[PDB]
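Participant: no FASTA, just this:
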RNA sequence: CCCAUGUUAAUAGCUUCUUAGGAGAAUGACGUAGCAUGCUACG
RNA sequence: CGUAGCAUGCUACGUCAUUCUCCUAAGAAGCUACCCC
Ligand SMILES: Nc1ncnc2c1ncn2[C@@H]1O[C@H](COP(=O)(O)OP(=O)(O)O)[C@@H](O)[C@H]1O
Ligand SMILES: Nc1ncnc2c1ncn2[C@@H]1O[C@H](COP(=O)(O)OP(=O)(O)O)[C@@H](O)[C@H]1O
Ligand SMILES: [Mg+2]
Ligand SMILES: [Mg+2]
Ligand SMILES: [Zn+2]
Ligand SMILES: [Zn+2]
Ligand SMILES: [Zn+2]
Ligand SMILES: [Zn+2]
Ligand SMILES: [Zn+2]
Ligand SMILES: [Zn+2]
């Protein structure tokens, strides 16, 4: 197994095996990496270990090559050559390994444990190969941290669907939501076979778990569930394809007089036709997603793949397309698992259609015309590498806003991330400016956009709407539960259920609280359609009921509050907890 | 790598590496060549250099063979044998190298730089292998002189198609025409990739360049264009296949009573059937090309390849074939590039057809029946070797006139070439006489042919036409521009545009001026179909407007003027510059 | 070799001995310097032989490493090619009738010799002469394996398509024999 | 488990005396890679034991043919040499005898593997050799039976089959005698016990099997190379019928091999000073070497010329490249020197003179092409008969 | 002061050649132990 | 006469160079048996 160095792109056959992601390294780079960090295990075409059976010494600083094997100094053969020598480590293509001085960044990336903000800003200002490697090892660290969760052994079976569980003490219990899956095991002193894949939900009442299983086996007391981890695969494609301006529009055929509402976006459509890739930054609810729809209309002879990081974001993109684009060329690809509710109005799972909608992780390896990535802020460099590896295309559009909430980054806990380091595209947006820019809200009425222009957005919005007097505030605290470290506020849900009648137009309102456990709780007590803030950001609703649960660092972030409120098409009632956040916006008092 | 000596055809393995074309040489011939000229570098199966790393001595007069390598006298091993010794140079097949006394011609051919007329006449009176070698090294010298042109860095981009350039000072700027191509380079401190192949044209107004590119990349300021050179490949086939008379017609099946107009050409058709190859020399417009058409008709069971040096010459041959020959067996092969406008009426690029028309350089490697080469005067020995290497055939016809203008030979600048040294076939024509000869003009009216019989043609023409009173002369000077050393005469173009109405029958006339830049200028101001004199010579037009630009050595050559005027089927207006040339012909005064 | 300090000791022993010989030194000092020259020559020769064997061993092991890298790189290529062939042959499977007969089987085990016979969409009959062609697939439709087939193409030995009207008894010798006749299920 | 296995059928490209096309069955590596592992210890113990009945791996050079032909005459009474030839041996061999060969060749595994392991090895051999899918020019056919000529255990399985037919012919010849004409009172008792051990006895009788095998190696001494047999049968016993003559082999091949071995292709030599007529397609003659008489194998002296004049690859036409090929041909064709006929004897001198002329023209070309002769030229022994005569001497 | 152009199996035996390793032998150089002879100091 | 030191010569062991022989491994080229008469 030969390859290219991840630091200087020279031919080589060494792999620093102490790294979790196991990258290739040139000889000089491998020596400079194993001389500095605690990485003391190098894998050649066969591992550098003392091949004498009665020894365990693996460090490459002291291993000697003899005959056709490797030995320590104690089992050293009469004729032996030192591996770590004269500034290099012995390996293939030794004479053509051009060294590099960028070993400090590679050491810091492969050594740090992705906890402080320094590691992330190091993961976005480095070279392209270092960008890819940092994103891949970050994903691997996330997977290994997921692997360190507890084991759920049942105590008794309450019903055919309801189960009573107990998690093994000493390891933190994973939170209960639709993303996490488990594999069941039946221990009858033999035959430890996978009895099925189960997804868990917290019950309505009591310490109960509602399970949904692929299999229909009856659970017994001895069965225990273990969380499954996905093997993160390596990536190859660059984060951003190199920009190449074109003198004239290629691969596209414009259509005269597409519509009247898309009049002001014609020049930006031509600009997207011009450049190889382009970026569109705008404040929320300014037609950024609808710009992509008009872009699809303006070039009807283009096989367009809309892709997005989230799920309900791509579903809202599908809904907007059905509103404007002709239906019978659009498809919505869902994965094989598809444990979350998708949007079923287009011909589902039709790769061969012209207007194909997909999540980033579910993209099929295909050629395409102009591909539109939606909500770049929600995505990391792994997602950009995936979308640039699976979809080979002639035009790329990246639409999204740096001001919105980014990807979760569960590993990060200390320090806060600046917007410009969200990923490569957001860095492009905040370095040289967006290629296209449009700010004026066509979504929200005047008071909410005025407040959000008093918020994180330094006042720039000039929205075309008037005060609809449908924006309401509350202040009362409520009680916290801290179920699985996903808090639920029962009295706030009760007050929302109380309201619910005095203004009957809010019976079709949509519930917003990030707090996935409280989002599931809201589906029972009042039964409104509900959505978490993260799976939001791309859809909108006429009436929005937003509930701030706890005055924590999570549900008081200005980006999260802004992106929660700015989905209100005509009206929103927000019940607030923080005195400062509630006082910072101008709604009615209540 | 062994081979045959290019001087005596003995087996050998030496190559005089100082030559640009690197020919094989027998041992005795190699010694006689390196002892006389400055050629002091001989390549054996490995080069004769001092293999001691701390030395650079390459001359074969002092190199000594030792062990299995070669050394100078300073690094001479204790046992060593001198290479240059006793009249030979050490190499393979040393005992069977029969020497030759023709080393003077080979020295003069491989040493001279192809500037004076002595080199060319030495390149046509030598042996066959020396003929091939001289033509090949002449082509190589032309390519290397093409390589020494300047680099065009842009200054700004005027439009999507219009560009403003600047050539690097210190090297002459290549002229702007359709033949010369460039490769673009984008220097962004890295990634010097070929951004496309571009052909340049001088603009209508101002110092502007209109570019046509294979790629559609938008040009920026930093991009620069470098001229591309073609690697001239070696040839093997003889210039002329050995003549072998046949007692009776072989490989052909004559057809009785083909037509009435071809009556006088039947005996010449039988003579072409008789001989292996034959030559037809005649004054311009005497049916030489149409003789080949009647030859095709007379032997309808013969797969005939018409080939020609020029492009519009083979296109006019296609047009004449469509006039007479049945259409659905004729094809017109254009190259893959085909940057010049071809003739699109036959089934394009059909090698398998019976009547295949092609340029010399675009010929496919094929078997064929009788093959007709058109305008031999336009072609050099490289072209004859190519046509004799790619087309293996049973009968060869070479038609053309020594009196017309020859191949350009851009290297030649001092002295003038006699006609008989144009190539091998013209030497055959002017030594023993043409195999077939027909002189009587069926093209031009009486006054023009009378003038051309007062010109270079010592009076022999007896054309069958009468004075049509459609031949006109002018005298005024005009202004010179000297664009890229291809002059343009704007007031002469203006006077032609002025005329243009008083005799409306000349609105379909065709513009003739060699001067490719002025030929392109004529396409804008008056919009007549236009053709340079060199790409002429094989086509004809009813009304011809000929404009002599400058009283230089180029557009006052009697051959060029004759071949420009004698395309006039019914009439010609020539606006002249030289007092003597204008007075030497008898048209109307004006 | 020459980089080792033993070579330097050999050089300085040679220099001292040559200086003593040039200076005409005494026999005891000359013998001592001859002993120094001997022990330097011996030590340096031992070092040179050890270095040469070391270089031989290192370039033997790097040759082995090249060979093993080439082997492990060919294995991955063969694995990828094998998986490609298996998934393409999967893609060609007629998953309706085949799945029907398998789900119709006893334990899901059907003998392989009837997998084509009941599911193959294409039937290539190979016929050696006209006498058989009259009795096996006369006409544009014939019955084989209890299903009706329709002729789609008839090719000869050198793969030049022959129309069905040319296969006549008088026209039999002019044809290039055995005729691969490709038919489709109906 | 069981691994069904496609085997391709290719056409061999080699010199041959008749126009029928020869096909060789290439067996897929999934079957060779296990048949080698299962059988290699036995297939090396057979090919490294000298002086036995299955003479596979006894070199015919270095006085090895004389040792074969003296370990055939293992003290039989009135010898007559007999040779048979199975017509269509590798195609008409019944499936039952192939299973028999693959069992007797797998009886050695009494310790290394269990019973069901041996049975699945038998099923894998009978699915990858006996009744497999033959890929015959872009199409999978089913081979009804008969051993493929390309698996790991081909020549040895054919040897076991051949010994099975020889012993079956002996059993039939010993049973089918009139019984009251067998005067030798020990032999009549042997037949009366042979019938009982055949039909009236269900389990093995190792005393009688040992007695009968000693009888066979006393009066039917045999030599096998996979189907090429030589038998040294006692003449009086064959005439009385107590041992398998040719006619018994014709009958046994009729009802067990399903073919008819016509008596025009099975020879019988009534003498011994002339050796077997044709074994391993190399005739045998008795020469005087040194002081004593030894047998020498000489090939059909036309096959050597056919191998000289015709070459399967065009680069072998050049001659001067191939001296290391005419050396091998001369080694194979040397015993023609001592043949009493002369036109046979001239072939060896033709090859010697041709090697000498080839080397003369080789040094001519390597003196013209370069300028110096070869330094250490050691082709001065290939054109001397002493080297080839040393090749057939009993020393090494 | 410039104008033409790019097409084919398994097994077995044997011969030859190369490389690597091991073993042994021989010769020579060089070095450490043992034996003998001769010179010096001392007893 | 002995001890210590030095010189010369003769044996035992170690390192290097050269040559020869034998074997074991690996590799390359070729032929024959095979196939049919
Ligand atoms: N020119 C316009 N005319 C009418 N409506 C518009 C126009 N531009 C934007 N809108 C409305 O504004 C909304 C913006 O939607 P979207 O692009 O999804 O916002 P975001 O990009 O913030 O998610 C669309 O639903 C669209 O109906
Ligand atoms: N016998 C003839 N009858 C009628 N027209 C003729 C005859 N001979 C020649 N021509 C005319 O003379 C012209 C000569 O054309 P061509 O051979 O192309 O001249 P050139 O060889 O000088 O280029 C032809 O176009 C043809 O029409
Ligand atoms: Mg949006
Ligand atoms: Mg002409
Ligand atoms: Zn590392
Ligand atoms: Zn590196
Ligand atoms: Zn060790
Ligand atoms: Zn030269
Ligand atoms: Zn010569
Ligand atoms: Zn030198």
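Facilitator: Here it is on my side, so go on. Numbering: from 1, shown residues only, chains lettered A, B, ... in the order given. Ligands and ions are numbered 1, 2, ... in the order given.

Participant: ranges for the helices of the chain?
Facilitator: Reading this off chain A. Here chain A has its helices, by DSSP state H, at A:27-34, A:103-111, A:117-122, A:128-147, A:266-274, A:288-298, A:312-324, A:381-390, A:424-432, A:446-454, A:490-499, A:516-525, A:558-565, A:579-583.

Participant: not what I meant, chain C
Facilitator: Under the criterion DSSP H, chain C contains helices at C:5-23, C:27-91, C:97-103, C:115-119, C:130-136.

Participant: closest to chain A out of those?
Facilitator: helix C:27-91 (4.6 Å; CB to the nearest CB). Where you see a C-beta, it was placed from the backbone N, CA and C, and this is true even at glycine.

Participant: returning to what we had before: any idea which of the helices of chain A is most buried?
Facilitator: Neighbour counts (mean count of other CB atoms under 10 Å in any protein chain shown) averaged over each of the helices of chain A peak at helix A:27-34, with a mean of 25.

Participant: let me know the outermost residue of the chain.
Facilitator: All of this is about chain A. Of all residues in chain A, the one whose C-alpha sits farthest from the chain's mean C-alpha position, using CA atoms, centre = their mean, is residue A:78 at 55.7 Å.

Participant: other chain: chain D
Facilitator: residue D:371 (50.6 Å).

Participant: list the contacts for the closest residue to that one other than its chain neighbours?
Facilitator: Distances taken as CB to CB, 6 or more residues apart in numbering or on different chains place residue B:94 nearest to residue D:371, at 4.6 Å, with adjacent residues excluded. Under the criterion of CB atoms under 8 Å, 6 or more residues apart in numbering or on different chains, the neighbours of residue B:94 are B:27, B:88, D:370-371.

Participant: which among these gets closest to residue D:274?
Facilitator: Lowest distance from residue D:274 to these (CB to CB) belongs to residue D:370, with 52.8 Å.

Participant: any idea what sits nearest the closest one, other than its immediate chain neighbours?
Facilitator: Leaving aside its sequence neighbours, residue D:370 sits nearest to residue B:92 (CB to CB, 6+ apart; 6.7 Å).

Participant: separation between that neighbour and residue B:25?
Facilitator: If you measure residue B:92 against residue B:25 using CB to CB, to the nearest Å, the figure is 12 Å.

Participant: list the residues that contact both of the two?
Facilitator: Between them, residue B:92 and residue B:25 share the neighbouring residues residue B:12, with contact defined by CB under 8 Å, 6+ apart.

Participant: who's more crowded, those two?
Facilitator: Looking at residue B:92 and residue B:25 with other CB atoms under 10 Å in any protein chain shown, you find the greater number of neighbours at residue B:25, namely 33 against 19.

Participant: residues in contact with the more buried one?
Facilitator: Per CB under 8 Å, 6+ apart, neighbours of residue B:25: B:5-7, B:12, B:14-16, B:33.

Participant: closest residue of chain C to ligand 1?
Facilitator: Using CB to the nearest ligand atom, the point where chain C gets nearest to ligand 1 is residue C:91, with a distance of 39.2 Å.

Participant: what about residue A:3, distance to residue A:41?
Facilitator: The spacing between residue A:3 and residue A:41, counted by CB to CB, is 18 Å.

Participant: before we move on, back to that, I'd like the contacts of residue B:94 laid out as JSON lines, including distance to ligand 5.
Facilitator: Compiled in JSON lines, the contacts of residue B:94 are given as follows (distance: CB to the ion, whole Å):
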{"residue": "B:27", "distance to ligand 5": "61"}
{"residue": "B:88", "distance to ligand 5": "63"}
{"residue": "D:370", "distance to ligand 5": "56"}
{"residue": "D:371", "distance to ligand 5": "60"}
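
Participant: those: which two are farthest apart?
Facilitator: Within these, two members stand farthest from each other by CB to CB: B:88 and D:370, at 14.2 Å.

Participant: comparing those two, which residue is more hemmed in?
Facilitator: Under the neighbour definition other CB under 10 Å, residue B:88 and residue D:370 were set side by side, and residue B:88 has more, 18 against 14.

Participant: what sits against the residue nearest to that one when sequence neighbours are not counted?
Facilitator: Distance criterion CB to CB, 6+ apart; nearest residue to residue B:88, sequence neighbours excluded, is residue B:27 at 4.7 Å. Under the criterion of CB under 8 Å, 6+ apart, the contact list for residue B:27 reads B:12, B:14, B:88-91, B:93-94, B:97.

Participant: centre-most residue in chain D?
Facilitator: With distances taken as CA atoms, centre = their mean, chain D has residue D:225 as the residue nearest its mean C-alpha position (2.6 Å).

Participant: thinking that residue is in contact with residue D:55, fair?
Facilitator: Yes - with contact defined as CB atoms under 8 Å, residue D:225 reaches residue D:55; the gap is 6.0 Å.

Participant: before we move on, the earlier item: look up phi and psi at the residue nearest to the centre of chain D.
Facilitator: Listed backbone geometry of residue D:225 is phi -130, psi 80, with angles given as degrees, to the nearest 10.

Participant: ok now do residue A:460, which residues does it touch?
Facilitator: Residue A:460 touches A:283, A:439, A:453, counting by CB under 8 Å, 6+ apart.

Participant: and for the second one, nearest residue in space, chain neighbours not counted?
Facilitator: Think residue A:439. Leaving out its chain neighbours, the residue that sits closest to residue A:439 by CB to CB, 6+ apart is residue A:283, at 4.9 Å.

Participant: next, find the distance separating that neighbour from ligand 6.
Facilitator: Summarising the geometry, the distance separating residue A:283 from ligand 6, computed by CB to the ion, to the nearest Å, is 44 Å.

Participant: neighbours of that residue, how many?
Facilitator: If you count neighbours by other CB under 10 Å, residue A:283 ends up with 24.

Participant: how much space between it and RNA strand F?
Facilitator: Remark: distance between residue A:283 and RNA strand F (CB to the nearest atom of the strand, to the nearest Å) = 71 Å.

Participant: surely that residue meets residue A:400?
Facilitator: No - here residue A:283 does not reach residue A:400: they are 11.5 Å apart, not a contact under CB under 8 Å.

Participant: where does chain C come near RNA strand F, residue by residue?
Facilitator: Counting by CB under 7 Å from any atom of the strand, the residues of chain C close to RNA strand F are C:28, C:31, C:42, C:45-46, C:49.

Participant: the lengthiest strand in chain C close to chain D?
Facilitator: Of all the segments of type strand in chain C, defined by DSSP state E, the longest one is strand C:147-155. No - counting by CB under 8 Å from any CB of the partner chain, no contacts exist between strand C:147-155 and chain D, the nearest distance being 13.5 Å.
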